[PDB]
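Each protein sequence line maps, in turn, to chains A and B.
Per the entry's author numbering, the first sequence runs over residues 1 to 9, 11 to 27, 27A to 27B, 28 to 66, 66A to 66B, 67 to 106, 106A, 107 to 168, 170 to 200, 203 to 214.
Per the entry's author numbering, the second sequence runs over residues 1 to 9, 11 to 27, 27A to 27B, 28 to 66, 66A to 66B, 67 to 106, 106A, 107 to 168, 170 to 200, 203 to 214.
Positions of the beta carbon are idealized from the N, C-alpha and C atoms, including for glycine.
In what follows, a structure is listed as structure tokens, so that the remarks can point back to it.
Protein chains: 2
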Amino acid sequence: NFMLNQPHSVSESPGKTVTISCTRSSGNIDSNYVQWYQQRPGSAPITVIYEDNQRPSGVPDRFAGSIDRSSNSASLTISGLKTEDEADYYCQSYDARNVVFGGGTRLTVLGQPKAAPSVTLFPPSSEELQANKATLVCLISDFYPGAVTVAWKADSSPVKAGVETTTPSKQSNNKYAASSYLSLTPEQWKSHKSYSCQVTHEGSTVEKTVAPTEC
Amino acid sequence: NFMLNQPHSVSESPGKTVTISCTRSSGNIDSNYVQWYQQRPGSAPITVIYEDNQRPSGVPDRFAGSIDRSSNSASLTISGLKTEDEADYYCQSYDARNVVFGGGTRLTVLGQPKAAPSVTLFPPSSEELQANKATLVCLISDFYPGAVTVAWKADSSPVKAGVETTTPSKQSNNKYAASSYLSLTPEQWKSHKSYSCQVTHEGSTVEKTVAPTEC
């Protein structure tokens, strides 16, 4: 089926306006209806828009949907942001019989200053290498909002196998931390010139690289 | 307007059969198609049943949808329970003027075995030392249940400052992962013979030690 691609996160201060996009990978956006769901972590999804731009009763006119055929995208626009609007937002449409969801966008309503993450990338330690493990760790700390994406590369190529990233955790300084680890074997590690960890926060991507050494 | 009511939780042992009901408060259950979605906290929902009883491709045949007109209800039955099935399950139907979700059922698979953590301790990266930092990271993975305590040592002495440990999070193998990081200065790092991370899980302790490089 086609895919619906949404940004991983958006943020704004109370009272401002924010927009979330939902781009269809193949086919036309207008050939099936787009719904938007709001979900607060721990609760069920709630419909805030159906049929591209219709609002259910109980949903304030601060929420508006639209379609842009020449970006092949749908958008949800929330004006007059309130702290209760902080949630995950999912766009949803159909491919033939099949429901397709976007990946979801976390909308943070800023409750404190933005803070860029400190990123540290650690190459395999002596002890684990002697145990036939070459796990890399990308440590991500001191960030707000508490939403990040991590992407790994082997040389210049995207890595997907063997990546785990922890759920951001609020630490003693009231900012978030997480770690991404890439479980390589020693052979995998030594077969490439380098590996990189790419961390995206608030729409900007930072990168670190480590390579095999002899000691 | 109608509601879809599901039980809050269901629990069962591996290999067995569980049923999740979805009762429609108003209007006939058969007047609109019922969908079922599976969701892991942090991810988009996955369709497991659509049109009451159809499985999308890639959905285990252990998942079955049914309708019971006499109790005005729909059911998801999961046979041959696997740990991979632990998730929230939502039923969903239509109002024509809305998309309505049930409240969700958390499915718990009982009797998961304890698993001791894999602990890997990393010394400061070369790159962070060139940027005047010497943060250490202790990666703690693949443990169950999802509670650890962590203590650090400088030489043989307890370290009380500079420690942060993340809230354990469930990874794609349904075991938990966390990291503890110790924010040292380069001067602190080189002033000791070693630093150690001690991870305690279910009354068993694992301790790792690293020391400044000899390179």
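- Starting from A/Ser188, follow the alpha helix (DSSP H) in both directions and report where the run begins and ends. Position 191 of the first sequence, counted from the first residue, corresponds to residue 188 of chain A. A/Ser188 -> alpha helix (DSSP H) spans 183–188.
- Query: For A/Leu106A, which of helix, strand or coil comes out of DSSP?
  - Reply: By one-based count along the first sequence, residue 106A of chain A stands at place 110. Under the three-state reduction of DSSP, A/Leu106A is assigned to coil, being neither helix nor strand.
- Task: Mind checking which residues open and close the alpha helix (DSSP H) that includes A/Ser121?
- Result: Stepping through the first sequence from its first residue, residue 121 of chain A is reached at position 125. No alpha helix (DSSP H) contains A/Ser121, which DSSP labels as neither H nor E.
- Item | the segment 110–125 of chain B / the segment 31–39 of chain B touching (three or more Cβ pairs under 8 Å) | The segment 110–125 of chain B makes no contact with the segment 31–39 of chain B: fewer than 3 CB pairs, one atom from each, lie closer than 8 Å.
- Message: For the segment 31–58 of chain B, list every residue whose C-beta sits within 9 Å of some C-beta in chain A, in sequence order.
- Response: Close to chain A, meaning a Cβ-Cβ distance shorter than 9 Å, are the following residues of the segment 31–58 of chain B: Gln34, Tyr36, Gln38, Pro40, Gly41, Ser42, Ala43, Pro44, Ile45, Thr46, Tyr49, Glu50, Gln53, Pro55, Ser56.
- Whole angstroms is fine: what's the gap from B/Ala174's alpha carbon to A/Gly16's? Looking up residue 174 of chain B in the second sequence gives position 177. Looking up residue 16 of chain A in the first sequence gives position 15. Cα to Cα, B/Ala174 sits roughly 37 Å from A/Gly16.
- Query: In chain A, which residues lie less than 8 Å from B/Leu117 when you measure between Cβ atoms?
  - Reply: Locating residue 117 of chain B in the second sequence gives position 121, where the first residue counts as 1. Neighbours of B/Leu117 in chain A, taken as residues whose beta carbon is under 8 Å from its own, are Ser121, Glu123 in chain order.
- Message: I'd like the list of long-range same chain contacts for B/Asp51, defined as Cβ closer than 8 Å, with 5 residues on each side in sequence excluded.
- Response: Here residue 51 of chain B is taken as the residue at index 52 of the second sequence, counted from 1. Correct list, in chain order: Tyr32, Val33, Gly64, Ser65, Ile66, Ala71.
- Assumed close pair B/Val144, B/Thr80 - CB separation to whole angstroms, cut-off 8 Å: For the purposes of this step, residue 144 of chain B is taken as residue 148 along the second sequence, with counting starting at 1. For the purposes of this step, residue 80 of chain B is taken as residue 83 along the second sequence, with counting starting at 1. So it is not a contact: roughly 20 Å between Cβ atoms.
- Task: Would you mind reading off the limits of the beta strand (DSSP E) that contains B/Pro154?
- Result: Against the second sequence, residue 154 of chain B aligns to sequence position 158. For B/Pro154, the uninterrupted beta strand (DSSP E) run begins and ends at 153–155, by DSSP.
- Can the beta-carbon of B/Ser177 be found less than 8 Å from the beta-carbon of B/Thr161? Your numbering for residue 177 of chain B matches position 180 in the second sequence. Your numbering for residue 161 of chain B matches position 165 in the second sequence. It is a contact, given that the beta carbons lie within the stated cut-off.
- Could you tell me the distance, in whole angstroms, from the CA atom of A/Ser193 to the CA atom of A/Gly100? If you number the first sequence from 1, residue 193 of chain A lands on position 196. If you number the first sequence from 1, residue 100 of chain A lands on position 103. Spanning the two alpha carbons is a distance of roughly 24 Å.
- Message: Could you check whether the Cβ of B/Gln108 sits closer than 8 Å to any Cβ belonging to chain A?
- Response: For this step, residue 108 of chain B is matched to residue 112 along the second sequence. Not an interface residue.
- Message: Check for me: the beta strand (DSSP E) holding A/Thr145 runs from which residue to which?
- Response: Working through the first sequence from its first residue, we reach residue 145 of chain A at position 149. Unbroken beta strand (DSSP E) run through A/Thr145: 145–150.
- Query: Which residues share a DSSP beta bridge with B/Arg25?
  - Reply: Along the second sequence, one-based indexing puts residue 25 of chain B at 24. Note: B/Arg25 sits in a beta bridge opposite B/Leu4.
- Query: So A/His189 packs on A/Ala150, CB below 8 Å; how close in whole Å?
  - Reply: In the first sequence, the residue the question calls residue 189 of chain A occupies position 192. In the first sequence, the residue the question calls residue 150 of chain A occupies position 154. Confirmed, Cβ separation roughly 5 Å.
- Query: If you count every other CB in all the chains shown that lies within 10 Å of the CB of B/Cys134, and 16 or more means buried, which is it?
  - Reply: By 1-based counting over the second sequence, the position of residue 134 of chain B is 138. By the 10 Å Cβ count, B/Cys134 comes out buried.
- Task: Indicate whether at least one CB of chain A lies closer than 8 Å to the CB of B/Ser176.
- Result: As a first step, residue 176 of chain B is located in the second sequence; it is residue number 179 there, counting from the start. B/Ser176 counts as touching chain A.
- Message: Buried or exposed for B/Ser165, going by 16 or more other Cβ atoms inside 10 Å?
- Response: Position 169 of the second sequence holds residue 165 of chain B. So B/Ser165 counts as buried.
- Query: Would B/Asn95 count as contacting chain A if we go by Cβ distances under 8 Å?
  - Reply: Sequence index remark: in the second sequence, residue 95 of chain B carries index 98 (1-based). Closer than 8 Å to some Cβ of chain A, the Cβ of B/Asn95 qualifies, so yes.
- Item | Contacts of B/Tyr87 in chain A (Cβ-Cβ under 8 Å) | The residue you call residue 87 of chain B lines up with position 90 of the second sequence. Going along chain A in sequence order, the residues near B/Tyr87 (Cβ under 8 Å) are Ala43, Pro44.
- Query: So A/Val11 is in the beta strand (DSSP E); what residue range does that whole segment cover?
  - Reply: Taking the first residue of the first sequence as position 1, residue 11 of chain A is located at position 10. Its beta strand (DSSP E) spans residues 9–13.
- Message: Going by DSSP in three states, B/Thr80 sits in which element: helix, strand or coil?
- Response: One-based indexing of the second sequence puts residue 80 of chain B at position 83. Helix.
- Message: So with CB distances below 9 Å, who are the chain B contacts of A/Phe98?
- Response: For the purposes of this step, residue 98 of chain A is taken as residue 101 along the first sequence, with counting starting at 1. Chain B residues near A/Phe98: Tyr36, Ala43, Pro44, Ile45, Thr46.
- Use the C-beta contact count for B/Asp60: other C-beta atoms within 10 angstroms, 16 or more gives buried, fewer gives exposed. Counting from one through the second sequence, the residue named residue 60 of chain B turns up at place 61. Around the CB of B/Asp60, fewer than 16 other CB atoms lie within 10 Å, so the residue is classed as exposed.
- Using a Cβ-Cβ cut-off of 7 Å (strictly less than) and excluding sequence neighbours within five positions of A/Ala210, which residues of its own chain qualify? If you number the first sequence from 1, residue 210 of chain A lands on position 211. Excluding positions up to five away in sequence, the list reads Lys190, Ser191.
- Query: Below 8 Å between beta carbons: does that hold for A/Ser26 and A/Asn5?
  - Reply: The sequence position of residue 26 of chain A within the first sequence is 25, counting from 1. The sequence position of residue 5 of chain A within the first sequence is 5, counting from 1. Their beta carbons are under 8 Å apart, which means A/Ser26 touches A/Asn5 by this criterion.
- Item | Inter-residue spacing [alpha-carbon to alpha-carbon] between A/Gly27A and B/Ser56 | Here residue 27A of chain A is taken as the residue at index 27 of the first sequence, counted from 1. Here residue 56 of chain B is taken as the residue at index 57 of the second sequence, counted from 1. Answer to the nearest angstrom: the Cα atoms are 20 Å apart.
- Task: Using a Cβ cut-off of 9 Å, pull out every chain B residue sitting near A/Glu184, in sequence order please.
- Result: Within the first sequence, the letter at position 187 stands for residue 184 of chain A. Below the 9 Å Cβ cutoff, chain B contributes no neighbours of A/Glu184, its closest Cβ being approximately 18 Å away.
- With DSSP as the reference, label A/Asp29 as helix, strand or coil. Taking the first residue of the first sequence as position 1, residue 29 of chain A is located at position 30. Looking at A/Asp29 - three-state DSSP - the assignment turns out to be helix.
- Give a yes or no on whether 8 Å exceeds the smallest Cβ distance from B/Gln195 to chain A. One-based indexing of the second sequence puts residue 195 of chain B at position 198. No, B/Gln195 lies away from the interface with chain A (no Cβ there is under 8 Å from its Cβ).
- Task: Go to B/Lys207, then tell me how far its beta strand (DSSP E) extends in each direction, as first and last residue.
- Result: Counting from 1 along the second sequence, the entry for residue 207 of chain B is found at position 208. It spans 203–209 - the beta strand (DSSP E) in which B/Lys207 sits, taken as one unbroken run.
- Task: Work out the CA separation of B/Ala111 and B/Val106 for me, nearest whole Å.
- Result: Position 109 of the second sequence, counting from 1, holds the residue named residue 106 of chain B. Position 115 of the second sequence, counting from 1, holds the residue named residue 111 of chain B. B/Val106 and B/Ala111: Cα-Cα distance of roughly 16 Å.
- Starting from the C-beta of B/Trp186, find all residues in its chain whose C-beta is less than 7 Å away, skip the five residues before and the five after it, and write them out in chain order. Taking the first residue of the second sequence as position 1, residue 186 of chain B is located at position 189. Taken in chain order, the residues that qualify are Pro120, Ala130, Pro211.
- In DSSP terms, what B/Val58 is bridged to: In the second sequence, counting from the first residue as 1, residue 58 of chain B sits at position 59. According to DSSP, which records beta bridges pairwise, B/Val58 is partnered with nothing at all.
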